[PDB]
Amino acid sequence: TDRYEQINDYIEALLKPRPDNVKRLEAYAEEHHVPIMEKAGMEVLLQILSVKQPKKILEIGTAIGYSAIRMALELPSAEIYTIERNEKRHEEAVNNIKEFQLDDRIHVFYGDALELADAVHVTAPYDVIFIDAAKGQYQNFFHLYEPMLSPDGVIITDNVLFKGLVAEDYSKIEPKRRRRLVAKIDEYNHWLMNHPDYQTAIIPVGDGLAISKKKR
């Protein structure tokens, strides 16, 4: 283990216990290798949300519903619109949401987010947009959905550090597919951090968070 790992493990060990039902979702994801947000990142996301107190949240990338559920439990008034392209995950998410009795406030679209803008627009604007899908597609999601953000909204992108690979010399990573993806995330970070219409900060927690707030 290195510093980065040790720090992550230290944070996870300081966490307050989650409710048994949330614990079941975490254990399922771990058993089944469903990617779900890492624990330390999720806590930071939640705290940012608790400060902001958004009314409406758009999430790209539901998986089995874990991050949407946690957000909704943190924000009992919020409505969440989430998108998942994998039909089996979509089904699991819907079923988990129903078990938590949150289906009145969390609504899960099936399909590729790049093809669902018209649907999502019906319930725009969103005070928070959380991008948590498809490594190679962040800029595309941003351009498609940023016009739907409320005035003082925040856009949060997950997985902007790719295990630290983005911050190293990655020029000889194999296979090439992976090298190309790391380069594409590095590109996104540079593009988004340079953007004069947003104030963005990178948070090196979990897989790395970018928090972008739209200026006036």
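Sequential numbering from 1, following the sequence displayed.
The mean Cα B-factor in the deposited entry runs higher for 12 to 20 than for the other of 12 to 20 and 197 to 205. Taking the mean C-alpha B-factor of each stretch as recorded, 170 to 178 and 155 to 163 are not equal, and the higher mean is that of 170 to 178. Taking the deposited Cα B-factors for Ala29, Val44, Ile57, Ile60, the highest one is held by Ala29. Residue set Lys135, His90, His121, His107: peak C-alpha B-factor at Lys135 (per PDB entry). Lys98: CA B factor lies in the highest third for its chain, per the PDB record. In the PDB entry, a CA B factor belonging to the lowest third of its chain's modelled residues is recorded for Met148. Looking at the C-alpha B-factors along this chain, the one for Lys184 belongs to the lowest third.
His33 sits in the highest third of its chain by CA B factor, as recorded in the PDB entry. Per the deposited record, the Cα B-factor of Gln6 falls in the middle third when ranked against the other modelled residues of its chain.
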